[PDB]
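Chemist: how would this look folded up:
(5 chains, ligands or ions: 14)
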Amino acid sequence: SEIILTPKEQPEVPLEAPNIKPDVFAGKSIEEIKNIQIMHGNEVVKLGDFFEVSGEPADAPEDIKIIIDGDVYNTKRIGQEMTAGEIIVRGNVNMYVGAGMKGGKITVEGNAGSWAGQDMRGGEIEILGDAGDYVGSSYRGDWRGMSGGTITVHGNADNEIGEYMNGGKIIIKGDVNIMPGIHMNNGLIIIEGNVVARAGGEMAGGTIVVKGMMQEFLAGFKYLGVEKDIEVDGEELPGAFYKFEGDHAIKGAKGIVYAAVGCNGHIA
Amino acid sequence: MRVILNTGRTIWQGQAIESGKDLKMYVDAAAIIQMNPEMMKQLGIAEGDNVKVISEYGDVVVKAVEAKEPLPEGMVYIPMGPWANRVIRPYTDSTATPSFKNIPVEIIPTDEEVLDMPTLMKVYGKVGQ
Amino acid sequence: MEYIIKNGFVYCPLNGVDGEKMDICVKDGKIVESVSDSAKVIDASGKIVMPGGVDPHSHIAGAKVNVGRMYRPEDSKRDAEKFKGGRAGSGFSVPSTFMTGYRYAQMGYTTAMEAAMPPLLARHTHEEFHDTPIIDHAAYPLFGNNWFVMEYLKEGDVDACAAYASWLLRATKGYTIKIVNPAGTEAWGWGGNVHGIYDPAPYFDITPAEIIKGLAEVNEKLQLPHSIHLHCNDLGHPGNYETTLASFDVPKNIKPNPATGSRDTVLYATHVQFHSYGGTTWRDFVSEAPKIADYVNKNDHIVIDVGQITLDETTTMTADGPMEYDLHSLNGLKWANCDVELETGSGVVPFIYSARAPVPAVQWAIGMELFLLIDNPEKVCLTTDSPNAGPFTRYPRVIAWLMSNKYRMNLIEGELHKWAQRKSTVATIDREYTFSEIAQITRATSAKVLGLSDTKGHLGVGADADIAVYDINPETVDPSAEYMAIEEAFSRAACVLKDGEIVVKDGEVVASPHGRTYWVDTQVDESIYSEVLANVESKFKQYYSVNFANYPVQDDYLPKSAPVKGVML
Amino acid sequence: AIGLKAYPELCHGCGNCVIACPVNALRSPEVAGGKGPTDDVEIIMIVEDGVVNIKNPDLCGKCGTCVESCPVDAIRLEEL
Amino acid sequence: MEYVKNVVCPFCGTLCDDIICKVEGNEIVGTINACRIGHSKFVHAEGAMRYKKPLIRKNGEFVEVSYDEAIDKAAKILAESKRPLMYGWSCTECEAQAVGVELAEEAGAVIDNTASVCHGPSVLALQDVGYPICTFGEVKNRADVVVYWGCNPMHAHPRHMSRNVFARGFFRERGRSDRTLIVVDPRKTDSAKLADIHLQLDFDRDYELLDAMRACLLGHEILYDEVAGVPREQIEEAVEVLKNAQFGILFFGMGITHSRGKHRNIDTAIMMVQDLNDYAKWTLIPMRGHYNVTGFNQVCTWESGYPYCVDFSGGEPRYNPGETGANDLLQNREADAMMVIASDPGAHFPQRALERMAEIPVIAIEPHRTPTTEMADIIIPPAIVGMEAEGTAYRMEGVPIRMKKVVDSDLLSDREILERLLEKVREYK
Ligand SMILES: Nc1nc2c(c(=O)[nH]1)N[C@H]1C(S)=C(S)[C@@H](COP(=O)(O)OP(=O)(O)OC[C@H]3O[C@@H](n4cnc5c(=O)[nH]c(N)nc54)[C@H](O)[C@@H]3O)O[C@H]1N2
Ligand SMILES: Nc1nc2c(c(=O)[nH]1)N[C@H]1C(S)=C(S)[C@@H](COP(=O)(O)OP(=O)(O)OC[C@H]3O[C@@H](n4cnc5c(=O)[nH]c(N)nc54)[C@H](O)[C@@H]3O)O[C@H]1N2
Ligand code: SF4
Ligand code: SF4
Ligand code: SF4
Ligand SMILES: [K+]
Ligand SMILES: [K+]
Ligand SMILES: [K+]
Ligand SMILES: [Mg+2]
Ligand code: NA
Ligand SMILES: [S]
Ligand SMILES: [W+6]
Ligand SMILES: [Zn+2]
Ligand SMILES: [Zn+2]
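Modeler: Residues are numbered from 1 along each chain as shown, chains lettered A, B, ... in the order given. Ligands and ions are numbered 1, 2, ... in the order given. Below is the structure:
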């Protein structure tokens, strides 16, 4: 059930550890888990070289709970493409945590780097601290991005959250910087704090809700008025929101930005 | 004074880099800050006077110069180079490209001297290996 | 080195050998009658032996190809490799150069032609060739929208156009006169196009028909090894089959005249799948491959290649600028463009040929109809207009489809949209290609029509030692039922030799020699030649953006220059 | 008299004046098409050692086109 | 004195190939047709340090070594490195860039060029939405409307306007009079002074202005009565100028890659140019900086599949700008060694990256004295491409032109230095 990884001193040259996920840990003894391959720069190494490993094995990934009992700020790709189980990180992570995720749950108790939940398909990611750029984003050049799952960031995020989103749900309880929902096609973004600029830049569909203040917005949106008591993607939101449709710089755009009335009179 | 710092090219700094960045020419062309004459008056400085530029990310001393390419109100121009790059915003926003242009800085007159090219680099404190 | 290839079932259509068990002898990069008793042996028992494949039409080297690579990093992430003996690479649909040569080699191909080179960008094509292992190669410079060609051909001055072409083939180190959407791409320089073969370009006031006719006359006047290589107007439009058949007739009464090779056809029509469409809109879109196939059967002046849909997510890249903008308009996907001054245009768009979708379903059917309704394989070559209809890595799957009506009906009756049955006749065609007809459309027809059948496309004495051994036993395996064994076997050749040296063994690349660059050497009356070169240099001074002295490709770009002579003195 | 005068210390070598000049254009097709002259030609001015350089001031008709094209007032029509 | 004609200039992406070099002895003493910058590269400035031998820092002081000793230690450093950065490339020729790709492969390195500090955001943008371009000659002979968006060619591509705007072309035989010239820049630059229309917009708001322009273009109403400091009604009048073009060209530069939004400023610019083609022929060209920055992105793309920020650590190539970019590796302290060639990140990286350069072994394949050599551990001087060494370079819109060798040099070329560096790196591994 519970498998404990205690990090050793983290290296300046970061680690890539896609193989830290329940799917790989399943059916392995503690000794075999120590011998799992991870990368350390341009060198292939063993997970045991940077982590103490304890706990009890299990045969199915559903029953496996990985907890990283320490800061791993310089390890990338943890939980990448995991289908089931749970990961708990008692500290910070680097980039790509849960990238390509299909199922299960990851909880990061500190900060996360960029591309957290990139190309997410299913499952849940929850980050108790701050996140970087490109939460739930796509990959370079691809027009098909995140299609399912839920990402919850309790702190702040930076740029291009939900880039090319095509499904799923992202919730930022804090503030974001610029261009949340850039090129969005489908899905739901809820920003409970503030937005600096360009919410919904070049979106074609989907829904963005901003409960705080947007300092700037975009002239390609048509203002539709005010809506109360909004139901979107199974979430009920109280209060009134200014309603915008765009981004009409894009042909056939049907995206929706909702902005809370209390702090967005200058946007109307 | 709070101002907007913009950076980029000038033929004089282009001539200078292909002449030699070890040359005096390069300090004269790149260790400068271009200002509207009205801004120089408000700050109480003349061409040739030195300016201390401070930002969230660093600080530098540059020679004040009258902009012959007029600037918007509140903006200054430092040509690309290590002086400008003491103060501009390093973060790339996960693009790999820093924010070299349009950075809030504080400028104030100073009698300190402009650092020449090898002296400027010493602040980064290169350790041999 | 000396090699003896023993006890293989040899298929060599040019020498009329049809599965006979037979030894092939090799000496210093050539096929010879006999070798010493010390020659090292390659055991081909229970295996097929063919000449190295010869691809007459692929997009593998040049600017438009590299834009497809650069602006599709998602395509590389899909398929990235590093075989530790060799160079890293990536790209499912548009592979990098080292990956490109490895994979032609893995499937037993030893010669592949780049089909569209913008003359001003010719250095780029040749630079990418140098980083393309194994295969011998050549590049087709583009002529159908060239300012000099349009100006000379309107005045009826075909000899001056032939002098220009002679200069251009030498300056770009090119091999054939390639024509793409003649007059239409110049019309796209202002955002337009031409419709039908009698619709002139802006200003230049010359028709596609006159461009096609004049360049065919030029082609045989220069005695080039290959014929004109025609990509028709009105590509990819419902109802365009009539523009295609009309185009096919334009050069019919021009008589072939190669100085090198055995080519006996004046017209080469490329990826004809895209030119065989009926209907009037996409909603009443219907296959017209029977009429197209029937024209080819009855006519003796034309060779075609099909441009077979492989039902993949791929990348389209063409010198047909206006057509790609239309394609971007339909599917909304990222679009690249490059108009090349005085010479050509180009466009790049991804396309998803989903088997579920009705239009790609009919497109797949049309190509199968072309392969199967054409009686004589000597008139057809196996192509995917790589990557336009699919990556060349899918030639084995195309082979598998042709050798097995089981494979086809399995796809027709499940996955393929119903429109493949409703809007074509593929389902009623149970013809199956034999191993001899496969070697004909993947080796012999291409080698012959390109003017290389002296040294390429056959296993006889005098040929280059370009040889493919496929681990499949025609006496023991049924191609119709075991279609997945056909596909897998043609993908990963047991043994491949390139100029007598082993370069692939059991699907693995084991050596990385550089191939030759075939280009065309022609000589024209010195007086007309000088006059044309004086005219060419005057426009360079006025209208080009580079200087005349810097334009032609320097000899440093051809480490392995292999000139082929057209008309001399 | 009013005549052509160069201020090379302000000059960029950008070539706008050389190309804009109709006397230059008429005499050198390369200049008319925006290139610096490569063939030997006698024209009013060229860019040499990185700056504008007057070679045949007698051919200048004082029309003013080059001046319009110079953004940094490096070539002028003034006394002498 | 002898005059060498048809020389290609090795400075900026204009890549002029009509330079005349004046050669005295074995030395280039003057130029014709080259602008003030190009001339400055060809000719030696008095008092300027041109390293004639390799050097190594023995703490404190630099000492002259042999080529074999310098390349020797350089190979040690890269072989032992677990995250080496191979950065620069833009001011050397394509054959050397190809060797660098193979060497980055051999060392498991990240290879990256100046695109990551330059038109990188245009690369990211074109990968997402497209790349509709043309060559210089179509502009000269067809262009009806010429826009310089966030670039200042009078100072950065000095001959760019004279060759593409003032030039008399086939369909534009009146040159400058046949073209509407537009410049978009928050400053009144010397390029803006020549414009018929100058949008002196608010800095950092191009993305907003372009959003209004495209919404207008597609028939929609512009929400606010002023955008990026530009009145609503002119947005519409400017959109009308572009729609009525017979042939329009959008030249854009660092004012739009370095500004807020970075790659997304290029993104929206590209998509507007695309959509304008339903009303008028329109195309764009990035004003790429160095004479062969474009060439590296070409070479690296065709050999590996990716244009820059290419990391071979895992054997296969991988590509993530923002992770695998020169400034990412330095500022995140990932790089444990860095090799510089034909570039000056000491002068032109931000403070935060320089602090990391202070902590790691830095190799510099460099002919002149620079802020990078002041931060370097090993200095290896080469023959300079375009003057003492030949090879292919790529102009800003992809046109390949071969750089010429005008005078001889006793120093090794970059290509030879890199081929020896690669041979030894293998000996190590
Ligand atoms: N002299 C010289 N010439 C060079 C070089 C050099 O170092 N010196 N280097 C070369 C290189 S590497 C390059 S990339 C090119 C670069 O050529 P350019 O693209 O011209 O680069 P910059 O001069 O840095 O900046 C261009 C303009 O953008 C403006 N700008 C600032 N903020 C904004 C904004 O928010 N919006 C808009 N629209 N504009 C803004 C600035 O005022 C500046 O005039 O030059 C090349 N040529
Ligand atoms: N604040 C601010 N910072 C910036 C910019 C800005 O606008 N503002 N612009 C950014 C941009 S776009 C860029 S590209 C960078 C500048 O990019 P850099 O590459 O730093 O440009 P240079 O400083 O000209 O450096 C080129 C070097 O190559 C050397 N060189 C010349 N020929 C050869 C050769 O044949 N071989 C070799 N090995 N070397 C040779 C030259 O001596 C010179 O030192 O600055 C960036 N930094
Ligand atoms: S003069 Fe004004 S224009 Fe003629 S070159 Fe010197 S600068 Fe460019
Ligand atoms: S003045 Fe009129 S003529 Fe004399 S130069 Fe300047 S332009 Fe050519
Ligand atoms: S323009 Fe760019 S290239 Fe042509 S010269 Fe002045 S610098 Fe060298
Ligand atoms: K690619
Ligand atoms: K079916
Ligand atoms: K110099
Ligand atoms: Mg993307
Ligand atoms: Na053509
Ligand atoms: S650059
Ligand atoms: W640059
Ligand atoms: Zn074609
Ligand atoms: Zn083709």
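
Chemist: neighbours around whatever residue of the stretch 101-250 of chain C ends up closest to ligand 3, how many?
Modeler: Relative to ligand 3, the nearest point of the stretch 101-250 of chain C is residue C:120 (27.6 Å; CB to the nearest ligand atom). Placement of C-beta: from N, CA and C, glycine included. Applying other CB atoms under 10 Å in any protein chain shown, we find 24 other residues in the vicinity of residue C:120.

Chemist: Is it in contact with residue C:550, as I believe?
Modeler: No - with contacts counted by CB atoms under 8 Å, residue C:120 stays clear of residue C:550, the gap being 10.5 Å.

Chemist: tell me the SS of the residue of the stretch 101-250 of chain C closest to ligand 3?
Modeler: Using DSSP: H, G, I helix; E, B strand; the rest coil as the criterion, the local structure at residue C:120 reads helix.

Chemist: who's in contact with the closest residue to residue E:178 other than its chain neighbours?
Modeler: In space, and not counting its chain neighbours, residue E:178 is closest to residue E:172: 4.0 Å by CB to CB, 6 or more residues apart in numbering or on different chains. Taking CB atoms under 8 Å, 6 or more residues apart in numbering or on different chains, we find residue E:172 in contact with E:140, E:141, E:142, E:143, E:144, E:178, E:179.

Chemist: same thing with residue E:140?
Modeler: With CB under 8 Å, 6+ apart, residue E:140 has these contacts: C:341, C:543, C:545, D:33, D:34, E:163, E:164, E:167, E:169, E:172.

Chemist: Looking at the residues you listed, state which has the most neighbours.
Modeler: If you count neighbours using other CB under 10 Å, the busiest of the contacts of residue E:140 is residue E:167, which has 31 neighbours.

Chemist: All the strands of chain B, residue numbers only.
Modeler: B:2-8, B:32-35, B:50-54, B:59-66, B:75-79, B:103-110 (DSSP state E).

Chemist: got a markdown table for the ones you listed, with mean neighbour count too?
Modeler: Output for the strands of chain B, formatted as a markdown table (neighbours: other CB atoms under 10 Å in any protein chain shown):
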| stretch | mean neighbour count |
| --- | --- |
| strand B:2-8 | 20 |
| strand B:32-35 | 24 |
| strand B:50-54 | 19 |
| strand B:59-66 | 20 |
| strand B:75-79 | 24 |
| strand B:103-110 | 16 |
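
Chemist: Of all those strands, which one is nearest ligand 9?
Modeler: Closest approach to ligand 9 among those is made by strand B:103-110 (27.6 Å; CB to the ion).

Chemist: Are the closest one and chain A in contact anywhere?
Modeler: No - judged by CB under 8 Å from any CB of the partner chain, strand B:103-110 stays clear of chain A, getting no closer than 14.0 Å.

Chemist: How about residues contacting that strand?
Modeler: Contacts of strand B:103-110 (CB under 8 Å, 6+ apart): B:1-5, B:33, B:43-45, B:49-56, B:61, B:76, B:87-89.

Chemist: Ligand 12 next: which of the residues you listed are close?
Modeler: Counting by CB under 5 Å from the ion, nothing from these sits close to ligand 12.

Chemist: Just list whatever residues bridge to the spatially closest residue to residue E:365 that is not a sequence neighbour.
Modeler: Using CB to CB, 6+ apart and skipping residues adjacent in sequence, the residue nearest residue E:365 is residue E:341, 4.1 Å away. The residues listed as beta-bridge partners of residue E:341 by DSSP bridges are residue E:88, residue E:365.

Chemist: so residue E:341 sits right up against residue E:421, yeah?
Modeler: No - contact between residue E:341 and residue E:421 fails when scored by CB under 8 Å: they sit 9.8 Å apart.

Chemist: which residues sit in contact with the closest residue to ligand 8 within chain D?
Modeler: Chain D approaches ligand 8 most closely through residue D:50 (11.3 Å), counting by CB to the ion. Counting by CB under 8 Å, 6+ apart, residue D:50 touches B:15, D:11, D:13, E:31, E:34, E:35, E:36, E:37, E:38, E:39, E:40.

Chemist: one more time with 6 Å
Modeler: D:13, E:36, E:39 (CB atoms under 6 Å, 6 or more residues apart in numbering or on different chains).

Chemist: I'd like to check which residues are in contact with residue C:437.
Modeler: Taking CB under 6 Å, 6+ apart, we find residue C:437 in contact with residue C:377.

Chemist: Name the helix or strand for it, please.
Modeler: Assigned by DSSP states H and E, residue C:437 belongs to helix C:435-439.

Chemist: Contacts for the following helix or strand past that helix, please.
Modeler: From helix C:435-439 onward toward the C-terminus, using DSSP H and E, the following helix or strand is helix C:445-449. Residues outside helix C:445-449 that contact it (CB under 6 Å, 6+ apart) are C:54, C:56, C:262, C:263, C:303, C:378, C:381, C:453, C:456, C:457.

Chemist: Apply 8 Å and report the result again.
Modeler: Contacts for helix C:445-449 (CB under 8 Å, 6+ apart): C:14, C:51, C:54-56, C:111, C:226-227, C:261-263, C:265, C:268, C:303, C:305, C:377-381, C:453, C:456-458.

Chemist: Then stretch C:482-495?
Modeler: Residues from elsewhere that reach stretch C:482-495, judged by CB under 8 Å, 6+ apart: C:5, C:42, C:44, C:47, C:106-108, C:393, C:395-397, C:399-401, C:403-404, C:406-407, C:467-472, C:477, C:479, C:502, C:504-507.

Chemist: what do you get for stretch E:127-135?
Modeler: Here stretch E:127-135 makes contact (CB under 8 Å, 6+ apart) with A:140-141, A:143, A:183, C:67, C:70-73, C:120, C:328, C:334-341, C:348, C:545, E:249, E:263, E:267, E:270-271, E:273-274, E:277, E:282-285, E:397-399.

Chemist: Sitting in helices, which of these do you find?
Modeler: Counting by DSSP state H, those place C:67, C:70, C:73, C:328, E:263, E:267, E:270, E:271, E:273, E:274 in helices.

Chemist: Can you say which two of the residues you listed are spatially most distant?
Modeler: Greatest spacing in those, by CB to CB: C:73 and E:273 (21.5 Å).

Chemist: Can you pick out the residue with more neighbours from the two?
Modeler: residue C:73 (29 against 25).

Chemist: Isn't that one up against residue E:320?
Modeler: No - contact status for residue C:73 versus residue E:320: not in contact, 9.3 Å apart, counting by CB under 8 Å.
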